[PDB]
Amino acid sequence: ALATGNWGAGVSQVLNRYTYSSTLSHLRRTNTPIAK
Amino acid sequence: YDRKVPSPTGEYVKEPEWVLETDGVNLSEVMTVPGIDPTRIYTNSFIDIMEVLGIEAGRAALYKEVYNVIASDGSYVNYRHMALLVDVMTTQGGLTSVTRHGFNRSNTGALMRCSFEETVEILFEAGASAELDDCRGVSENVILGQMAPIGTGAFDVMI
Amino acid sequence: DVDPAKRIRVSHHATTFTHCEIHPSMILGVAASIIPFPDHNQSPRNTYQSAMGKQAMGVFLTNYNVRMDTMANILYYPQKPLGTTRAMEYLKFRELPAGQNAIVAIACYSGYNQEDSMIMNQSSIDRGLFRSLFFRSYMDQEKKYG
Amino acid sequence: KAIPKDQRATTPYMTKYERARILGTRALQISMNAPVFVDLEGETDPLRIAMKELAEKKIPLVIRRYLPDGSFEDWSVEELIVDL
Amino acid sequence: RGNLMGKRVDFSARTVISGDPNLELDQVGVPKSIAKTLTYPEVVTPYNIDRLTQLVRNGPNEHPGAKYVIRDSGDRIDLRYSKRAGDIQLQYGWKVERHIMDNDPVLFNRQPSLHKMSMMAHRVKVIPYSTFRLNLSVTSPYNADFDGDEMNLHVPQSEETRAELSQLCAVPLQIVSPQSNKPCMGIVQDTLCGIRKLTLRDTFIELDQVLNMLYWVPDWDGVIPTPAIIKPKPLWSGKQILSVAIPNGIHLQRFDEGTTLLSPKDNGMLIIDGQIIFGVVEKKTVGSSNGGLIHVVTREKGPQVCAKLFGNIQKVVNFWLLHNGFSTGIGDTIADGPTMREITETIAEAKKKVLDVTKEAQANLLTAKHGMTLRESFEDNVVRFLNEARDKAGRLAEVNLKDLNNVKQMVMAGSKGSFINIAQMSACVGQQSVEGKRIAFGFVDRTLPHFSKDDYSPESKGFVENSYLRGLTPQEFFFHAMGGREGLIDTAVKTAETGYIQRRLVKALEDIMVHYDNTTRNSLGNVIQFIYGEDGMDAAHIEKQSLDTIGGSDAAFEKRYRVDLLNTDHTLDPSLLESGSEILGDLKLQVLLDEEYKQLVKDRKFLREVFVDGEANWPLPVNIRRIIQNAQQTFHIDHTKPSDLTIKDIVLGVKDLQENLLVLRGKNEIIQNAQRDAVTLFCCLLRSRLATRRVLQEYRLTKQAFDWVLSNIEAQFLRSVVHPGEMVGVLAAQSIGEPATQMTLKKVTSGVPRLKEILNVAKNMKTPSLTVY
Amino acid sequence: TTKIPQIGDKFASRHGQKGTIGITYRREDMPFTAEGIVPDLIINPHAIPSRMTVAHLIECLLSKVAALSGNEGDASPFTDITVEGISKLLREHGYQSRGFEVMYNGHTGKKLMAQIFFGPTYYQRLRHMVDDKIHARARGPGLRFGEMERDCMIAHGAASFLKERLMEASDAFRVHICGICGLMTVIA
Amino acid sequence: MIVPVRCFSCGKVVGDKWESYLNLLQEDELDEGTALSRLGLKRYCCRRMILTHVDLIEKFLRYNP
Amino acid sequence: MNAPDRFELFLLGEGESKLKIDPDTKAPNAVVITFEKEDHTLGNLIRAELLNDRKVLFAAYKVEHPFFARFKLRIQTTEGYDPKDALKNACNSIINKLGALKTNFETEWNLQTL
Amino acid sequence: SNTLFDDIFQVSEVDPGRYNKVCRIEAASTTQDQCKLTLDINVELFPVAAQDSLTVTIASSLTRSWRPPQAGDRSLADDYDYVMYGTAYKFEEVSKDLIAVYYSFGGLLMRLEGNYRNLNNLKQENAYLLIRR
Amino acid sequence: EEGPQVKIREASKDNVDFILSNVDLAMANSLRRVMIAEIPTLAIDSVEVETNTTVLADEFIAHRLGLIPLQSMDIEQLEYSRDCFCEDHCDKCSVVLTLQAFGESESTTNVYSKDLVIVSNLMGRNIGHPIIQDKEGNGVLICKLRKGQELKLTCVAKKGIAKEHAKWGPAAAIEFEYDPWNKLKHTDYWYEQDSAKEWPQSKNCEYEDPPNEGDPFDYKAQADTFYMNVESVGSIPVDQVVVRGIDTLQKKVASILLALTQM
Ligand SMILES: [Mg+2]
Ligand SMILES: [Zn+2]
Ligand SMILES: [Zn+2]
Ligand SMILES: [Zn+2]
């Protein structure tokens, strides 16, 4: 699951590392599957 | 509304007039209502114009409509183009949509983009029902190593 | 009496206040916290710049030399920005900056910087302006259940 | 299904697609060391050359214009007026 | 099938584009490395062995080189690994797949390709670095910018294929597109900005610079124009030399709001014999407009000469701009102290009205509009007050902007900028909105937890009173965020839904073409249009012209076209005509004139039955107005001596011409009518322009100038007919679908949503409506 | 590797406006200040209005200040920092308050008629550089040619080009066909 | 990563001043603005060079091998 | 990768000559010299000098593209005065002038204290 | 080898509408109330102001490429100070007993009102405008 | 004493303020460009690396080494490798230095440009010598070593010119100006109310007479007198840049005269 991201999808991703802030920004991220 | 109209002296004159704009439609029953000029009555539902005034009217409507969409953006486009659209969309006596109607066709052949990778079951079936391919499509002629009968290839050169 | 040069704010018509914001700039996230004067900026532009910060180079860890990962871009000479944010301090931005304080000039010069292209000082590219290191790394193993 | 040299209703002029396919073909032949029917004013390029042979109505080719019904008309490059 | 989708792409390349002011409109810069890679199979020949042999010698890795050599027997000699690379005695018949060289025709395109203009053909020009380079003016047909876009280079592989590119889709041959029915490319950015500056009356150029400019124009004839000023110091006007760039015999007239053959404001535009006489040269004259210098030059001097026109202009104007510079800072976004004051109150009183209208509603004195809610008509009124506040605050700001203000300068030239920008930057930003309403109460009965419930004031529901220069407040920053976001969400949609439509339209018409019977059918042979566009014409040879005959009073109509030889007063004063004195009374001639005048009247009636508007300006082939000015100075006609023109020459000349226009040639009853039809409107224009009085009293033509004009019109008319083969099916589709991929926004469905509604023939439309008269 | 700024490379300030390099000039060609300062970057004034990207302008003005005085410029959002106050500080430093500066043309040495917004701004260096995207396939004996570019070519009416592209160079073969039953049953 | 040797924009050698600089600050308790001017860094191009520098080589050194 | 060697700005390649003199066609007594491996330094300088000669009817220069360190110079002179000679004079003058400047500057420098 | 117009004018107005170097001079001739002039001048190389009595001449003389010095000691149609060159474009019936004239000098405009000129004013390009004192 | 004349306002080991009068803007300008890019100088242009346990990469270090200024007064007699007949380099077209530094103490070892050691025969000519204008004498900080990190290098410096690479730049930054009062009118000042009050004033104004309220524009005046000030990185004496710069530009124009000859 943690390797793939397919619980049972998109969860779990390779931590961003181009810039220090881009990494912070990645750990602070959110996602919404699928009326406004 | 304003309305350039001819003057008895000849010049066009801005002769303002009262018009009612409606938020709902019932063309059939409003033309009849007395007090209105049943000649100039209009709707932006070309589908209703067609049903009440005939496809030729519908064609004009459909154009008048397509026009406004573009015009409303300040844009302009030559009549010949939208006209052609409006015609294709009409030649069959009724209003035909183009945002893909059929799941198979619109105006193609049994070879262009042989999709489905079933050029297998398609060829078997094409043999069954003696199919006659016109070969006027670019990619069908590709498979024959020919130019399609378009622009540059719409005529033969000879000795 | 009121400094004209300052933005116009409404008032405090309230005697029912239950709470008070620690600070309003705390409504931005990591990305946005790095934008200078995002409040004097058109709405969307801030969303573009938020996305691009991620496409930027610079030190991302003071231990890049000891790490072995598919690609890593380090900026030869990172530089803390002259214009900053009271929020950049917690995002340790001045420590691991991305970016460099370039001496810009807004002008029509040779016609070589239209439709978003820039004219860049060659002589400075030489003295080190914007050079970066690029580190790619491949990897392999041996057989399986054979 | 053929149409006599008289009764031809098609255009007297050469369309750009026709003048474009002729120069093409001709140019090709020239590139293939073919007999040239013009006096080069010192021109080296084949296309360039074909434009000149077209210019001097010296191209023995005939354009067969097909109507959508199936019938056709044959016009000799030579006749076709070349304005454009 | 993997080949039909162009998967296996051979002889192509792709990289980042970057503009170049020194490349010609029709070139494309190719990085040397890419050129060494893309090849062309060239057969050996008595006229190229020298060259071809040198390329083979240069080898696979020295630019004007080559890779593989192919012999008679289809053998493939690889010039990189071959014991006989330093040999090879090339032979007539063999093929040398050379490297790509300068001037080779190549297909260049940017995706998505929704045009023809998005896939044009350029002449190669091998260059050093690694980006494809192109002339800025080619920017919009492709719809490209330089923030990193990539583009594709394709290389024709046959001698036939090459010609097909150079002769059909070359960049100059596309300058005037058949979609907008006008020029597809104009002058932009720096060049547009500089051409305005360079053109002010105030602008002067002295010898040192005049000479460097003159030389920068390649087609220059080394003839220094005489200074406009020769007094204490010989000085040249910016217009003076920019005219060097303009070819001779190009005539243009403008006339903006207050223009007057004396343009006190330097309004309008007046070019005669390729010499600018008055008017600041900005977007209207040199942009991609309908009557523009470009549209014209193309139709008058040819596409290749127009191609160079972009070049020559961008060379002088861009050189001039280099040594003058242009810039932009904050100073430019600052308004005068008093102006900010007049703005801070303009808003303050705007809030008042909002306040009053609220108290009025809170007292229940508001009377709802028809069909609307007390609530709806309140919002309606309040929104109107705020947009109105935003606009007048803006014009206030826009007004102080000096002629120095760099932003105003970019707005005046027409290269970026607009009221809305200056307004939002310098003065008030505006009312934020979402779903065509002010900020809703996402929280219960309120906007943000920093307000009290049931608060409908402007501050509360989305008004941003500040400017970008002043800065937004937190509450302002968030609403704006909410709006700008909606702008991002549908922009994403409008992008998709359109790309859909565009592809879907091409599917329906992709098979329609114009056949040799001048008809328009599909692959089944079914008739869609008995004559293309109903007139057999080709959109690019059409221009907007005004049919004088429709307009005016019946009186002016008569003072203008009426000729009555049998009547002292209303006849041809003998000053106009040679046989004018001895024509006074010719019975047999009156019959002709009467039959003429009759026809003109029948027409006036016809045009008023077609165009009920009274509207006179419509696109039709052949710009007659021009052909005439092209007779005024081509034969040097003096409006002093009478004409040697016979009343028959005219009447019968104009009458025969019409027998020749011809779009159809069928020698039978039906077709002969079609022919008459397809030409009806155009003749109306013809007859109205070449009417006897006009040709004598309006533009004193001579039997030769006139005989020339006639001859000319016939020619131009025949070049304007559509060529059998034109794939108008695609043209049409692409022509509606591309201008639809630029739309991105009084209560009715418009834009892509509406278009999708229409094209899908949806019976459940969102904004029905009946319009009764 | 060590990647050095090349003509096609990508750069951007922090106001949502990226932009590749379109050429590089040496200090002698670059426009120069009277003090001798010369730019590192030169962006086009034409990229400001339509953007409403005013923060960029402020940041720059504010930065000219910080550098000139060794201070750190506070560009936080909701502060009372004004363009006016910053201009006051800049002016004390002897420079014209809005950031403008008289500059000279590098080729000629003559003055530039317009003064130019000159100062430092923070610019970032974006990845994905040109020498990573130059790909050029040739194998004689996006970048794909899809339905979309095919349509454009049909519009142009380049019939024979479409044949040469979409086809697979498999050397045309010659066959004899019967005119009554289209099968290759002809003994030649 | 180390003081640039030479300022980008003009080339005034700015590599021999890091330490001097950091000293005019610490012990001489000067404001950055005065320190710079005394290191002879008069134009802002040269100033931004030192002022803006982040000496990362210092944390780079802290890793054992 | 597709970048030429820096030394190509000043060092002449193979078969290239500092100068190429083609006779102008448009106007009479006009010439177009092509300077290889030279930029504005020499270009704008000589057009300046050449423009002091009242027998020089036309004189300008251009660098058609900044990628190539080269430039053209056109010179028209009055009838009977070879443009080549016009160039020779300007060049001498440009030198005698720099002769004086180098001299005067050193002088002045020798009186300075510090 | 001619002179086409001579007369002295009394400038009544001098307008500078955002032009830091050019102004619009609208002077009324001396003698004939009929004759009136409208002109654009470079108030930078040749100043002008309230009720000045400027002299004006037209002619077409002292088009092949332009030359500068030498003649400095040869021809001197410099008996004037301000001097322009331009092309003429059209004559308009100002209706009645007066016919006008529009002149364009690379942008600097000029309108002249009178009548005897029909014989004194060219019908072509050439046309210099000279002004003195 | 002829055309171009000089007036020096200040002088030193690094700066020289002077006034050039009786010279066209052109010459004043070229002379300036030449200094900035066409004066020979010696600079490390080759670096061989034996050991690098430093925390910096090889090309990083190398780039800085090429940047370290080196004496160049006698370069006019050192040769361009590309012109020397040797195979690569030699004491006739180069100067070889060596840099060996080892993190000895545990207090962080600093490496300076003074640790460079010339190993080729300088043949008695003053050239190649890390230049140093520091107070403590450490001409530029090359690198920093920790506990026991090494760094063995051999550098070969070659005669070069800015055009090839900015490192061969001996001119730092030139101050240029002319017509401190906009008398000449080569600029249109951007104002907001009062141009003259908004745009500061140049110290050069002090050295020229104001414009006087009602004087008409002097359309015949051209650009004379230029107020410059040449900085110097050290590799060459201030006064030298000016001279050699004038020399170079002088030799250039000379070459065109020779060219027309051979022709
Ligand atoms: Mg883009
Ligand atoms: Zn058979
Ligand atoms: Zn510096
Ligand atoms: Zn050697």
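Residue numbers (full-length UniProt numbering), protein chains in the order written: chain A, 460 to 467, 477 to 502, 509 to 510; chain B, 1287 to 1445; chain C, 722 to 867; chain D, 72 to 155; chain E, 337 to 1081, 1092 to 1119; chain F, 970 to 1110, 1127 to 1173; chain G, 1 to 65; chain H, 1 to 114; chain I, 2 to 63, 76 to 146; chain J, 3 to 265. Where is the CB? At the ideal position from N, CA and C, for every residue including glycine.
Check	Outcome
Same chain, Cβ closer than 6 Å to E1301/B, neighbours up to 5 away in sequence not counted	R1289 and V1291
Minimum C-alpha distance to residue 285/J - residue among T56/J, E152/J and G130/J	Outside the displayed range of chain J (3 to 265) lies residue 285/J, so it cannot be described from this structure.
When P561/E, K567/E, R459/E and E995/E are compared against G574/E, the one with the closest alpha-carbon	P561/E
Cutoff 9 Å: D16/G Cβ touching any chain F Cβ	no
Helix, strand or coil at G162/J [DSSP, three-state]	strand
Per-residue burial, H458/E [other beta carbons within 10 Å of its own, 16 or more giving buried]	buried
Distance cut-off 8 Å: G753/E Cβ against heavy atoms of ligand 1	no
Where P83/H sits in the DSSP three-state scheme	helix
Near-chain C residues of the region 24-42 of chain G - C-beta to any C-beta below 8 Å	none
Residue list, Cβ distance to ligand 2 heavy atoms smaller than 7 Å	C1163/F, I1165/F, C1166/F, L1168/F and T1170/F
Residue from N394/E, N654/E, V460/E and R344/E with nearest C-alpha to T535/E	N654/E
Supposed close pair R961/E, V990/E - CB separation, criterion 8 Å	In fact, because the Cβ distance is near 16 Å, the residues do not count as touching under 8 Å.
Distance between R711/E and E1062/E (C-alpha atoms, nearest Å)	57 Å
Simplified DSSP assignment, three categories, for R145/I	strand
Residues sharing a beta bridge with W572/E, DSSP	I541/E
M809/C versus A1044/F - alpha carbon distance	10 Å
heavy atom of ligand 1 below 8 Å from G484/E C-beta	yes
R420/E to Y833/C span [Cα, whole Å]	45 Å
For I21/J: DSSP bridge partner residues	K9/J and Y229/J
Contact set between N762/C and chain E, taken where Cβ atoms lie within less than 8 Å	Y804
Test: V1023/F CB closer than 9 Å to a CB of chain J	no
Under 5 Å, CB to nearest heavy atom of ligand 4: contacting residues	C86/J, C88/J, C92/J, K94/J and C95/J
Supposed contact pair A48/H and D26/J - C-beta distance, whole angstroms, cut 8 Å	5 Å
Own chain residues within Cβ distance below 7 Å of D154/D, not counting five before or after	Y84
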